[PDB]
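Student: As input, take entry-v6.cif (mmCIF, C-alpha atoms and all ligand atoms):
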data_work
loop_
_atom_site.label_atom_id
_atom_site.label_comp_id
_atom_site.auth_asym_id
_atom_site.auth_seq_id
_atom_site.Cartn_x
_atom_site.Cartn_y
_atom_site.Cartn_z
CA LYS E 14 11.16 -30.61 6.33
CA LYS E 15 12.34 -33.33 3.92
CA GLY E 16 12.92 -31.37 0.69
CA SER E 17 10.47 -33.72 -1.08
CA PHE E 18 8.97 -32.46 -4.35
CA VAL E 19 5.41 -32.12 -2.95
CA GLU E 20 6.77 -29.42 -0.58
CA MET E 21 7.74 -27.29 -3.60
CA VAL E 22 4.48 -27.63 -5.50
CA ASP E 23 2.67 -24.24 -5.63
CA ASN E 24 5.68 -22.34 -4.25
CA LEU E 25 5.41 -19.49 -6.78
CA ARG E 26 3.13 -16.48 -6.71
CA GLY E 27 2.77 -13.22 -8.59
CA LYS E 28 0.61 -10.32 -9.69
CA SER E 29 -0.32 -10.44 -13.39
CA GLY E 30 2.47 -9.05 -15.64
CA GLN E 31 4.70 -8.31 -12.66
CA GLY E 32 6.69 -11.58 -12.60
CA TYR E 33 6.70 -14.87 -10.69
CA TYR E 34 8.35 -14.92 -7.27
CA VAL E 35 9.55 -17.51 -4.74
CA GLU E 36 10.05 -17.04 -0.99
CA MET E 37 13.69 -17.06 0.12
CA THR E 38 15.61 -16.21 3.29
CA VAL E 39 18.93 -14.41 3.55
CA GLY E 40 21.24 -14.08 6.56
CA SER E 41 21.34 -15.12 10.22
CA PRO E 42 18.82 -14.84 11.75
CA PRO E 43 16.91 -15.53 8.47
CA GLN E 44 15.44 -12.47 6.74
CA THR E 45 12.45 -13.36 4.53
CA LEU E 46 12.14 -11.86 1.04
CA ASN E 47 10.14 -12.58 -2.12
CA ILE E 48 12.40 -13.10 -5.14
CA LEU E 49 11.64 -12.90 -8.89
CA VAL E 50 12.44 -16.12 -10.77
CA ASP E 51 14.49 -15.14 -13.86
CA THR E 52 15.96 -17.71 -16.28
CA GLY E 53 17.10 -14.74 -18.44
CA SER E 54 19.88 -13.42 -16.16
CA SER E 55 22.46 -14.83 -13.74
CA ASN E 56 22.74 -12.46 -10.76
CA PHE E 57 21.10 -12.93 -7.37
CA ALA E 58 20.25 -9.45 -6.10
CA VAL E 59 18.04 -8.02 -3.36
CA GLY E 60 16.90 -4.55 -2.28
CA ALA E 61 19.23 -3.56 0.57
CA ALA E 62 18.10 0.04 1.17
CA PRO E 63 14.74 1.88 1.36
CA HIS E 64 12.83 2.44 -1.88
CA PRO E 65 9.29 3.79 -2.45
CA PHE E 66 8.22 0.40 -3.85
CA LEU E 67 9.93 -1.86 -1.28
CA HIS E 68 7.97 -2.95 1.80
CA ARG E 69 11.08 -4.70 3.15
CA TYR E 70 14.78 -5.09 2.30
CA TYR E 71 17.96 -6.98 3.20
CA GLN E 72 19.60 -5.53 6.31
CA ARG E 73 23.22 -6.69 6.15
CA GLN E 74 24.00 -5.23 9.59
CA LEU E 75 21.47 -7.60 11.23
CA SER E 76 23.08 -10.67 9.64
CA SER E 77 25.92 -12.30 11.56
CA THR E 78 26.86 -14.44 8.53
CA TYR E 79 27.18 -11.53 6.07
CA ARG E 80 30.57 -11.14 4.37
CA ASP E 81 31.46 -8.05 2.30
CA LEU E 82 33.29 -8.71 -0.99
CA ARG E 83 34.27 -5.01 -1.19
CA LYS E 84 33.29 -4.85 -4.86
CA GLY E 85 30.53 -2.85 -6.58
CA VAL E 86 28.17 -4.12 -9.29
CA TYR E 87 25.50 -2.95 -11.70
CA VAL E 88 23.11 -4.83 -13.98
CA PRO E 89 21.37 -3.24 -16.97
CA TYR E 90 18.30 -5.19 -18.11
CA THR E 91 16.38 -4.12 -21.23
CA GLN E 92 14.82 -1.08 -19.48
CA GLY E 93 15.48 -1.42 -15.75
CA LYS E 94 18.79 -1.30 -13.91
CA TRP E 95 20.23 -1.47 -10.42
CA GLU E 96 23.59 -0.96 -8.80
CA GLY E 97 24.85 -2.27 -5.51
CA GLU E 98 27.50 -3.83 -3.34
CA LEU E 99 28.63 -7.46 -3.61
CA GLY E 100 28.61 -9.78 -0.61
CA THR E 101 28.02 -13.39 0.45
CA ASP E 102 25.52 -14.73 2.99
CA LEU E 103 23.56 -17.90 3.86
CA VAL E 104 20.49 -18.54 1.73
CA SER E 105 17.53 -20.91 2.04
CA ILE E 106 14.31 -21.56 0.12
CA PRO E 107 11.59 -22.41 2.71
CA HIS E 108 9.38 -24.16 0.13
CA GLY E 109 12.39 -25.68 -1.61
CA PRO E 110 15.07 -28.23 -0.78
CA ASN E 111 15.99 -28.70 2.88
CA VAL E 112 19.38 -27.02 2.49
CA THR E 113 21.22 -23.79 3.28
CA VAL E 114 24.02 -22.49 1.06
CA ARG E 115 26.39 -19.55 1.06
CA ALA E 116 25.76 -17.58 -2.11
CA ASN E 117 26.83 -14.37 -3.81
CA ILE E 118 24.36 -11.57 -3.18
CA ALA E 119 24.28 -8.14 -4.79
CA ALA E 120 22.87 -5.68 -2.25
CA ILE E 121 20.89 -3.11 -4.27
CA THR E 122 21.52 0.44 -2.97
CA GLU E 123 20.24 2.37 -5.99
CA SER E 124 17.97 1.49 -8.92
CA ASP E 125 16.15 2.89 -11.95
CA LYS E 126 12.84 1.42 -13.17
CA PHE E 127 13.69 -1.98 -11.64
CA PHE E 128 11.31 -2.41 -8.70
CA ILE E 129 7.58 -2.41 -9.46
CA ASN E 130 4.96 -0.68 -7.30
CA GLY E 131 2.97 -3.50 -5.67
CA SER E 132 4.73 -6.54 -7.18
CA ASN E 133 5.39 -8.11 -3.76
CA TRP E 134 8.97 -9.01 -4.74
CA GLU E 135 12.15 -7.40 -3.35
CA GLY E 136 14.83 -9.14 -5.42
CA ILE E 137 15.78 -11.26 -8.42
CA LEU E 138 17.13 -14.77 -8.81
CA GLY E 139 19.03 -15.11 -12.06
CA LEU E 140 19.02 -18.81 -12.93
CA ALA E 141 21.06 -18.67 -16.18
CA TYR E 142 24.81 -19.33 -16.54
CA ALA E 143 27.95 -17.56 -15.24
CA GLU E 144 28.91 -16.42 -18.76
CA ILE E 145 26.32 -13.60 -18.54
CA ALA E 146 26.80 -12.70 -14.85
CA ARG E 147 27.92 -9.18 -13.87
CA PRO E 148 30.48 -7.80 -13.32
CA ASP E 149 31.99 -10.91 -14.97
CA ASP E 150 31.72 -14.72 -15.18
CA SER E 151 33.80 -15.31 -12.04
CA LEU E 152 30.73 -14.29 -9.99
CA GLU E 153 29.20 -17.73 -9.34
CA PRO E 154 25.37 -17.70 -9.78
CA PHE E 155 23.10 -19.02 -7.01
CA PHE E 156 22.15 -22.33 -8.65
CA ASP E 157 25.80 -23.20 -9.31
CA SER E 158 26.48 -22.60 -5.60
CA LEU E 159 23.47 -24.76 -4.65
CA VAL E 160 24.66 -27.73 -6.74
CA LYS E 161 28.33 -27.36 -5.67
CA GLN E 162 27.57 -27.18 -1.92
CA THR E 163 24.75 -29.78 -1.70
CA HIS E 164 23.45 -33.03 -3.21
CA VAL E 165 20.58 -31.27 -5.02
CA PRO E 166 20.70 -32.58 -8.64
CA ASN E 167 21.75 -30.08 -11.30
CA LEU E 168 18.30 -29.33 -12.67
CA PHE E 169 15.13 -27.43 -11.97
CA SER E 170 11.72 -27.27 -13.54
CA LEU E 171 9.14 -24.51 -13.86
CA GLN E 172 5.37 -24.82 -14.07
CA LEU E 173 4.06 -21.31 -14.64
CA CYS E 174 0.28 -21.16 -14.38
CA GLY E 175 -2.19 -18.51 -15.61
CA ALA E 176 -4.68 -16.63 -13.45
CA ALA E 187 -5.20 -10.81 -10.88
CA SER E 188 -3.12 -13.41 -9.01
CA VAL E 189 -0.81 -15.93 -10.69
CA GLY E 190 0.82 -19.08 -9.29
CA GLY E 191 3.04 -22.03 -10.13
CA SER E 192 5.85 -24.32 -9.08
CA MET E 193 9.63 -24.32 -9.13
CA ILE E 194 10.79 -27.87 -8.52
CA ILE E 195 14.41 -27.57 -7.45
CA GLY E 196 16.52 -30.65 -8.13
CA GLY E 197 14.05 -32.65 -10.17
CA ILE E 198 10.87 -33.33 -12.11
CA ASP E 199 7.49 -33.75 -10.41
CA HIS E 200 5.42 -36.09 -12.57
CA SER E 201 2.09 -34.93 -11.10
CA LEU E 202 2.62 -31.53 -12.77
CA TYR E 203 2.45 -32.61 -16.43
CA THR E 204 0.73 -35.05 -18.80
CA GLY E 205 2.07 -36.98 -21.79
CA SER E 206 5.76 -37.14 -22.71
CA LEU E 207 8.58 -34.68 -22.06
CA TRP E 208 10.24 -33.55 -25.31
CA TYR E 209 13.81 -32.20 -25.14
CA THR E 210 15.72 -29.55 -27.07
CA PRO E 211 19.50 -29.07 -26.70
CA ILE E 212 20.88 -26.06 -24.89
CA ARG E 213 23.03 -24.64 -27.73
CA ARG E 214 25.37 -22.63 -25.51
CA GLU E 215 25.46 -22.19 -21.73
CA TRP E 216 24.97 -18.46 -21.27
CA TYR E 217 21.32 -17.61 -21.67
CA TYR E 218 19.21 -20.79 -21.97
CA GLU E 219 19.77 -20.69 -25.74
CA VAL E 220 17.83 -22.97 -28.10
CA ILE E 221 17.26 -23.39 -31.85
CA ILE E 222 13.88 -22.99 -33.57
CA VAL E 223 13.83 -24.94 -36.84
CA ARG E 224 10.33 -24.21 -38.19
CA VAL E 225 7.39 -21.91 -37.46
CA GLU E 226 3.77 -22.57 -38.45
CA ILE E 227 0.68 -20.43 -37.94
CA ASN E 228 -2.61 -22.34 -38.14
CA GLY E 229 -0.72 -25.19 -39.86
CA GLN E 230 0.84 -22.97 -42.52
CA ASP E 231 4.64 -22.76 -42.69
CA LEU E 232 6.10 -19.23 -42.61
CA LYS E 233 8.68 -20.59 -45.10
CA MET E 234 11.43 -18.27 -43.93
CA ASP E 235 15.10 -19.13 -43.87
CA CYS E 236 15.25 -20.81 -40.43
CA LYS E 237 18.23 -18.59 -39.51
CA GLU E 238 15.74 -15.71 -39.27
CA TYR E 239 13.99 -17.46 -36.35
CA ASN E 240 17.23 -17.42 -34.36
CA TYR E 241 18.68 -14.01 -35.35
CA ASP E 242 20.68 -13.31 -33.36
CA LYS E 243 19.68 -15.91 -30.72
CA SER E 244 16.65 -17.72 -29.29
CA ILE E 245 16.26 -18.04 -25.52
CA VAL E 246 13.84 -19.33 -22.83
CA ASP E 247 13.26 -16.45 -20.39
CA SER E 248 10.91 -16.50 -17.39
CA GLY E 249 11.89 -12.86 -16.71
CA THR E 250 10.43 -11.62 -20.00
CA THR E 251 6.63 -11.48 -20.30
CA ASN E 252 6.12 -11.58 -24.07
CA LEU E 253 6.95 -13.79 -26.98
CA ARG E 254 9.60 -11.58 -28.62
CA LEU E 255 10.38 -12.09 -32.31
CA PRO E 256 13.03 -10.69 -34.71
CA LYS E 257 11.76 -7.88 -36.98
CA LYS E 258 11.38 -10.00 -40.14
CA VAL E 259 9.70 -12.90 -38.27
CA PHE E 260 7.52 -10.49 -36.25
CA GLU E 261 6.23 -8.81 -39.43
CA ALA E 262 5.41 -12.16 -41.06
CA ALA E 263 3.67 -13.42 -37.91
CA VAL E 264 1.65 -10.22 -37.46
CA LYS E 265 0.59 -10.21 -41.14
CA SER E 266 -0.64 -13.77 -40.68
CA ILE E 267 -2.46 -13.12 -37.37
CA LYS E 268 -4.02 -9.91 -38.81
CA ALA E 269 -5.34 -11.75 -41.87
CA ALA E 270 -6.66 -14.64 -39.71
CA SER E 271 -8.58 -12.18 -37.50
CA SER E 272 -9.53 -9.58 -40.17
CA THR E 273 -13.29 -9.94 -39.52
CA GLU E 274 -12.64 -7.82 -36.41
CA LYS E 275 -11.60 -4.18 -36.02
CA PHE E 276 -8.36 -3.33 -34.20
CA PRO E 277 -6.49 -0.08 -33.46
CA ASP E 278 -3.05 0.27 -35.12
CA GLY E 279 -1.29 0.50 -31.74
CA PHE E 280 -2.92 -2.75 -30.57
CA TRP E 281 -0.51 -4.73 -32.77
CA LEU E 282 2.32 -2.66 -31.26
CA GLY E 283 1.19 -3.52 -27.71
CA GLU E 284 0.35 0.11 -26.88
CA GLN E 285 -3.45 -0.25 -26.88
CA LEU E 286 -6.04 -2.64 -25.44
CA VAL E 287 -8.78 -4.49 -27.27
CA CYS E 288 -11.97 -5.29 -25.33
CA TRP E 289 -15.00 -7.53 -25.89
CA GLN E 290 -18.33 -8.05 -24.11
CA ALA E 291 -17.52 -10.29 -21.12
CA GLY E 292 -17.37 -13.90 -22.37
CA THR E 293 -17.66 -13.09 -26.10
CA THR E 294 -13.92 -12.98 -26.95
CA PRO E 295 -13.69 -14.45 -30.47
CA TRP E 296 -10.90 -16.96 -29.70
CA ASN E 297 -11.55 -18.97 -32.90
CA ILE E 298 -10.36 -16.14 -35.19
CA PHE E 299 -6.91 -16.00 -33.59
CA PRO E 300 -4.49 -18.66 -34.90
CA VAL E 301 -2.38 -21.21 -33.05
CA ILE E 302 1.38 -20.82 -33.35
CA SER E 303 3.65 -23.86 -33.66
CA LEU E 304 7.30 -23.48 -32.76
CA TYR E 305 9.44 -26.42 -33.86
CA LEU E 306 12.55 -27.01 -31.76
CA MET E 307 15.67 -29.02 -32.54
CA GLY E 308 15.37 -32.52 -31.06
CA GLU E 309 17.76 -34.96 -29.39
CA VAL E 310 18.44 -37.23 -32.36
CA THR E 311 19.68 -36.71 -35.94
CA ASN E 312 17.28 -34.80 -38.21
CA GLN E 313 14.58 -34.93 -35.48
CA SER E 314 12.52 -32.11 -34.02
CA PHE E 315 9.30 -31.62 -32.04
CA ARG E 316 6.74 -28.84 -31.83
CA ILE E 317 5.06 -26.84 -29.11
CA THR E 318 1.72 -25.27 -30.04
CA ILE E 319 0.73 -21.90 -28.55
CA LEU E 320 -2.95 -20.95 -28.05
CA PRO E 321 -4.17 -17.34 -28.56
CA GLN E 322 -5.07 -17.33 -24.85
CA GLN E 323 -1.31 -17.28 -24.27
CA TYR E 324 -0.45 -14.37 -26.59
CA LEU E 325 -3.50 -12.22 -25.81
CA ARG E 326 -2.71 -11.29 -22.21
CA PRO E 327 -5.73 -10.34 -20.04
CA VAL E 328 -5.59 -6.90 -18.40
CA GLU E 329 -7.93 -4.75 -16.25
CA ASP E 336 -15.50 -6.42 -20.10
CA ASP E 337 -12.67 -8.75 -21.11
CA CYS E 338 -9.64 -6.70 -22.20
CA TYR E 339 -6.37 -7.93 -23.73
CA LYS E 340 -2.89 -6.78 -24.70
CA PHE E 341 -1.08 -8.30 -27.69
CA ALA E 342 1.77 -10.21 -26.05
CA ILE E 343 3.95 -10.67 -29.14
CA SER E 344 6.48 -7.85 -29.65
CA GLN E 345 9.22 -6.94 -32.13
CA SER E 346 12.84 -7.62 -31.19
CA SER E 347 16.26 -6.60 -32.45
CA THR E 348 17.93 -8.88 -29.88
CA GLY E 349 16.57 -12.28 -30.99
CA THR E 350 13.68 -14.59 -30.14
CA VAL E 351 12.54 -14.67 -26.54
CA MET E 352 10.21 -17.42 -25.37
CA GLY E 353 8.86 -15.46 -22.42
CA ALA E 354 6.47 -16.26 -19.58
CA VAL E 355 3.40 -16.27 -21.86
CA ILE E 356 4.95 -19.10 -23.90
CA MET E 357 6.08 -20.99 -20.78
CA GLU E 358 2.60 -20.79 -19.17
CA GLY E 359 0.65 -24.02 -19.73
CA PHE E 360 3.88 -25.99 -20.28
CA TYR E 361 6.02 -27.82 -17.77
CA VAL E 362 9.57 -26.71 -18.61
CA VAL E 363 12.55 -28.72 -17.41
CA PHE E 364 15.89 -26.90 -17.30
CA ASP E 365 18.07 -30.00 -17.32
CA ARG E 366 21.46 -28.33 -16.89
CA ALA E 367 23.04 -31.73 -16.14
CA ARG E 368 22.25 -33.09 -19.62
CA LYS E 369 22.42 -29.69 -21.38
CA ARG E 370 18.80 -29.81 -22.55
CA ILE E 371 15.43 -28.15 -21.96
CA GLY E 372 12.32 -30.34 -21.74
CA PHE E 373 8.73 -29.38 -22.58
CA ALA E 374 5.46 -31.12 -21.71
CA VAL E 375 1.79 -30.11 -21.49
CA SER E 376 1.27 -28.72 -17.99
CA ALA E 377 -1.33 -29.98 -15.52
CA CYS E 378 -2.40 -26.30 -15.32
CA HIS E 379 -2.97 -26.07 -19.08
CA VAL E 380 -4.68 -23.07 -20.67
CA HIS E 381 -8.22 -23.95 -21.80
CA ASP E 382 -9.83 -23.56 -25.23
CA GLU E 383 -13.22 -24.83 -26.46
CA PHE E 384 -11.90 -26.88 -29.39
CA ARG E 385 -8.10 -26.57 -29.41
CA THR E 386 -5.33 -27.64 -27.05
CA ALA E 387 -1.80 -26.47 -26.37
CA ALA E 388 0.37 -29.43 -27.33
CA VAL E 389 3.89 -30.85 -27.30
CA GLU E 390 4.21 -33.25 -30.21
CA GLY E 391 6.80 -35.38 -31.99
CA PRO E 392 8.86 -36.79 -33.52
CA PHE E 393 9.19 -34.65 -36.66
CA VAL E 394 11.88 -35.01 -39.34
CA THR E 395 13.76 -31.80 -40.19
CA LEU E 396 16.82 -31.72 -42.41
CA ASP E 397 19.82 -29.37 -41.96
CA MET E 398 18.84 -28.21 -38.45
CA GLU E 399 22.39 -27.02 -37.68
CA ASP E 400 22.01 -24.42 -40.46
CA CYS E 401 19.30 -22.75 -38.33
CA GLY E 402 21.76 -21.45 -35.73
CA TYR E 403 22.94 -17.87 -36.22
CA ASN E 404 26.69 -17.16 -36.32
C1 LIG E 501 10.71 -6.62 -18.02
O1 LIG E 501 11.19 -7.66 -18.85
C2 LIG E 501 12.36 -7.22 -19.54
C3 LIG E 501 12.39 -7.80 -20.95
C4 LIG E 501 13.61 -7.66 -18.77
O2 LIG E 501 14.62 -6.97 -18.90
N1 LIG E 501 13.56 -8.74 -18.00
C5 LIG E 501 14.72 -9.23 -17.23
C6 LIG E 501 14.32 -9.56 -15.77
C7 LIG E 501 13.41 -8.51 -15.12
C8 LIG E 501 13.94 -7.40 -14.46
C9 LIG E 501 13.07 -6.47 -13.88
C10 LIG E 501 11.68 -6.65 -13.95
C11 LIG E 501 11.16 -7.77 -14.61
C12 LIG E 501 9.79 -7.98 -14.75
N2 LIG E 501 8.83 -7.06 -14.89
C13 LIG E 501 7.59 -7.54 -15.06
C14 LIG E 501 7.48 -8.88 -15.09
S1 LIG E 501 9.04 -9.51 -14.90
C15 LIG E 501 12.03 -8.69 -15.19
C16 LIG E 501 15.38 -10.44 -17.92
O3 LIG E 501 16.57 -10.77 -17.22
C17 LIG E 501 15.72 -10.21 -19.42
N3 LIG E 501 16.50 -11.36 -19.95
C18 LIG E 501 17.31 -11.04 -21.16
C19 LIG E 501 16.38 -10.74 -22.36
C20 LIG E 501 17.20 -10.07 -23.47
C21 LIG E 501 16.42 -9.95 -24.78
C22 LIG E 501 17.33 -11.02 -25.41
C23 LIG E 501 18.19 -11.04 -24.15
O4 LIG E 501 17.77 -8.81 -23.07
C24 LIG E 501 18.44 -8.82 -21.88
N4 LIG E 501 19.28 -7.79 -21.65
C25 LIG E 501 19.98 -7.70 -20.53
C26 LIG E 501 19.88 -8.68 -19.54
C27 LIG E 501 20.74 -8.55 -18.27
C28 LIG E 501 22.16 -9.15 -18.46
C29 LIG E 501 22.12 -10.68 -18.47
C30 LIG E 501 22.82 -8.66 -19.76
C31 LIG E 501 23.06 -8.72 -17.30
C32 LIG E 501 19.03 -9.77 -19.74
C33 LIG E 501 18.28 -9.84 -20.92
#
Represent the structure of the file as structure tokens.
Ligand SMILES: CO[C@H](C)C(=O)N[C@@H](Cc1cccc(-c2nccs2)c1)[C@H](O)CN[C@H]1CC2(CCC2)Oc2ncc(CC(C)(C)C)cc21
Tutor:
Amino acid sequence: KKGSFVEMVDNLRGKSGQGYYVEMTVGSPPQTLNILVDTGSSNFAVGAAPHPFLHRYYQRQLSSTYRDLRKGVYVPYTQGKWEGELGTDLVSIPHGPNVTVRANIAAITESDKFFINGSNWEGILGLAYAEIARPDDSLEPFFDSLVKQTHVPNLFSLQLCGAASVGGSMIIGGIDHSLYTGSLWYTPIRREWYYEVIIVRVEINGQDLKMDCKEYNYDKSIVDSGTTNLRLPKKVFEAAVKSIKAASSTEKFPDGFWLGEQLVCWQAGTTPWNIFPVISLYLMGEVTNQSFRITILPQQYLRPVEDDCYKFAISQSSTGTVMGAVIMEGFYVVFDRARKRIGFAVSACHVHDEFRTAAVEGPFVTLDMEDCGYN
């Protein structure tokens, strides 16, 4: 094992809609577990007690390197939650860098709507910053430990691929140039808590929504591999849905389809992709008055579920914009913590369309970009 980037290519798996996971080991001797990759939280936590949905769990008693921190912890996500006991142990990523680190681990003893029946993961790796860690920001997140204890550079990249089985790559400590095409375009990380960014403009089929750009970032915009959907603030959501409805009005949809509560189905291979618009999100750039855009295909926001059946993967939010897994899919996303920026490029595993392509394009000029941030 060398820790070379090729060794990390294709190291992610998942079941559709159930999250992307990476293989990790905890303890001595090493206990193998599959771990959800979550850029939207900052705690490393594993099942540590039997649960109807867990096929295996962390057995602290069998680890000679386990150290109790004698402190309890709970984490409330949007719907799911867990509580457990804090400890430290030795952690490796088999298809990752050739290193072992001692990291904080929350041993989950009780949970509510957290684990998923048949997901094949037993834990969560929160890759965001200490500021949002529980119980508080003194609990050092895994990636901070990794960088502090080793020579692994302070960055990682994610290539989330489509299809049902899903796959992808987490390149730890760098950028693998075989995984994307064209140029990487970078947006600043506004604040190190969530991976917070600033959207400066939104277009749907080349037509500007013409909203006050503050609305796009009310009350924040984040990049979150642990959230499935594109989530949009109420006002933006309504404008977007009105526009997508009108673009696709030649077709008949249930009312609860647009709410994400119903499926729409078409005769296998007759999905009318052309009637659903592309969405362009413009992100603040690296230089003065400069931005770039990422363009989202309808194949990203109509999520296939088991004729071809789809859920609407844009949902209303009262907690800000979330660029979830459906947005990240078909892009190569670089979380360059070292230079406080997030990079985007067209992925090698790009989502196909007959006549359109997901794109990352620039430079664009955009005045008063700082006004777009919510305060
Ligand atoms: C299900 O997705 C919902 C939106 C979700 O809560 N996902 C989790 C991670 C997680 C946890 C459990 C299961 C999953 C998945 N299920 C299916 C696929 S992934 C994912 C993800 O961490 C959410 N990130 C933000 C997403 C937001 C919305 C804006 C911030 O809400 C959150 N609220 C609380 C937390 C936990 C904190 C950091 C406060 C301790 C985080 C977040």
Student: Give the answer as one residue: which of E:162, E:248, E:31, E:376 has the shortest atom-to-atom distance to residue E:200, using all atoms listed in the file?
Tutor: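 Answer, going by the shortest atom-to-atom distance: E:376.
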Student: Write as a ChimeraX atom specification the residues around ligand LIG 501 (chain E), taking 7 Å as the cut-off and counting only C-alpha atoms and all ligand atoms.
Tutor: /E:30-32,51,53-55,88-93,127-128,145-147,247,249-251,348-351
Student: For residue E:205, which residue out of E:383, E:278, E:400, E:390 is the nearest one, using only C-alpha atoms?
Tutor: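 The answer is E:390, which sits nearest to residue E:205.
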Student: Record the distance separating atom CA of residue E:68 and atom CA of residue E:195, expressed in Å with one decimal.
Tutor: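 If I compute the distance from atom CA of residue E:68 to atom CA of residue E:195, I get 27.1 Å.
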Student: Using only C-alpha atoms, which residues sit within 8 Å of stretch 215-223 of chain E once same-chain residues fewer than 6 positions away are excluded, as a compact mmCIF listing (two decimals) with C-alpha atoms, keeping the file's coordinate frame?
Tutor:
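Now in around.txt:
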# COMPACT_ATOMS: atom_id res chain seq x y z
CA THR E 52 15.96 -17.71 -16.28
CA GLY E 53 17.10 -14.74 -18.44
CA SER E 54 19.88 -13.42 -16.16
CA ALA E 141 21.06 -18.67 -16.18
CA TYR E 142 24.81 -19.33 -16.54
CA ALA E 143 27.95 -17.56 -15.24
CA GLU E 144 28.91 -16.42 -18.76
CA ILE E 145 26.32 -13.60 -18.54
CA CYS E 236 15.25 -20.81 -40.43
CA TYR E 239 13.99 -17.46 -36.35
CA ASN E 240 17.23 -17.42 -34.36
CA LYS E 243 19.68 -15.91 -30.72
CA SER E 244 16.65 -17.72 -29.29
CA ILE E 245 16.26 -18.04 -25.52
CA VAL E 246 13.84 -19.33 -22.83
CA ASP E 247 13.26 -16.45 -20.39
CA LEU E 304 7.30 -23.48 -32.76
CA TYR E 305 9.44 -26.42 -33.86
CA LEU E 306 12.55 -27.01 -31.76
CA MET E 307 15.67 -29.02 -32.54
CA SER E 314 12.52 -32.11 -34.02
CA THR E 395 13.76 -31.80 -40.19
CA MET E 398 18.84 -28.21 -38.45
CA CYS E 401 19.30 -22.75 -38.33
CA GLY E 402 21.76 -21.45 -35.73
Student: Between E:100, E:211, E:40, E:65, which has the minimum distance to residue E:313 (counting only C-alpha atoms)?
Tutor: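 With only C-alpha atoms as the atom set, the closest residue is E:211.
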Student: May I have the residues within 9 Å of residue E:206 as a PyMOL selection string, using all atoms listed in the file and disregarding those fewer than 6 positions away in the same chain?
Tutor: chain E and resi 373-375+389-390
Student: Just checking: using only C-alpha atoms, which residue out of E:44, E:293, E:56, E:303 ends up closest to residue E:76?
Tutor: E:44
Student: Give me the residues near residue E:228 as a PyMOL selection string, where near means some atom within 9 Å (using all atoms listed in the file) and where sequence neighbours in that chain fewer than 2 positions away do not count.
Tutor: chain E and resi 226+230-231+270+299-303
Student: Please save C-alpha atoms of the selected residues as a PDB file, keeping the file's coordinate frame.
Tutor:
ATOM      1  CA  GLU E 226       3.770 -22.570 -38.450  1.00  0.00           C
ATOM      2  CA  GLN E 230       0.840 -22.970 -42.520  1.00  0.00           C
ATOM      3  CA  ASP E 231       4.640 -22.760 -42.690  1.00  0.00           C
ATOM      4  CA  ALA E 270      -6.660 -14.640 -39.710  1.00  0.00           C
ATOM      5  CA  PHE E 299      -6.910 -16.000 -33.590  1.00  0.00           C
ATOM      6  CA  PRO E 300      -4.490 -18.660 -34.900  1.00  0.00           C
ATOM      7  CA  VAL E 301      -2.380 -21.210 -33.050  1.00  0.00           C
ATOM      8  CA  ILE E 302       1.380 -20.820 -33.350  1.00  0.00           C
ATOM      9  CA  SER E 303       3.650 -23.860 -33.660  1.00  0.00           C
TER      10      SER E 303
END
Student: Show me a table, sorted first by chain and then by increasing residue number, of the residues of stretch 51-167 of chain E having an atom at most 10 Å from stretch 34-38 of chain E, each with its shortest atom pair and the distance in Å to one decimal, counting all atoms listed in the file and written as JSON lines.
Tutor:
{"residue": "E:51", "atom": "CA", "partner": "E:34", "partner_atom": "CA", "distance": 9.0}
{"residue": "E:71", "atom": "CA", "partner": "E:38", "partner_atom": "CA", "distance": 9.5}
{"residue": "E:103", "atom": "CA", "partner": "E:38", "partner_atom": "CA", "distance": 8.1}
{"residue": "E:104", "atom": "CA", "partner": "E:38", "partner_atom": "CA", "distance": 5.6}
{"residue": "E:105", "atom": "CA", "partner": "E:38", "partner_atom": "CA", "distance": 5.2}
{"residue": "E:106", "atom": "CA", "partner": "E:37", "partner_atom": "CA", "distance": 4.5}
{"residue": "E:107", "atom": "CA", "partner": "E:37", "partner_atom": "CA", "distance": 6.3}
{"residue": "E:108", "atom": "CA", "partner": "E:36", "partner_atom": "CA", "distance": 7.2}
{"residue": "E:109", "atom": "CA", "partner": "E:37", "partner_atom": "CA", "distance": 8.9}
{"residue": "E:113", "atom": "CA", "partner": "E:38", "partner_atom": "CA", "distance": 9.4}
{"residue": "E:132", "atom": "CA", "partner": "E:34", "partner_atom": "CA", "distance": 9.1}
{"residue": "E:133", "atom": "CA", "partner": "E:34", "partner_atom": "CA", "distance": 8.2}
{"residue": "E:134", "atom": "CA", "partner": "E:34", "partner_atom": "CA", "distance": 6.5}
{"residue": "E:135", "atom": "CA", "partner": "E:34", "partner_atom": "CA", "distance": 9.3}
{"residue": "E:136", "atom": "CA", "partner": "E:34", "partner_atom": "CA", "distance": 8.9}
{"residue": "E:137", "atom": "CA", "partner": "E:34", "partner_atom": "CA", "distance": 8.4}
{"residue": "E:138", "atom": "CA", "partner": "E:34", "partner_atom": "CA", "distance": 8.9}
Student: Provide the atom CA of residue E:212 to atom CA of residue E:371 distance in Å, to one decimal place.
Tutor: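 We find that atom CA of residue E:212 and atom CA of residue E:371 lie 6.5 Å from each other.
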Student: Using all atoms listed in the file, which of E:191, E:50, E:237, E:322 sits nearest residue E:140?
Tutor: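 The shortest atom-to-atom distance to residue E:140 comes from E:50.
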Student: In terms of the shortest atom-to-atom distance over all atoms listed in the file, which of E:118, E:287, E:367, E:232 is closest to residue E:338?
Tutor: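 Distance minimum relative to residue E:338 lands on E:287.
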Student: Calculate how many Å separate atom CA of residue E:385 from atom CA of residue E:295, rounding to one decimal.
Tutor: 13.4 Å
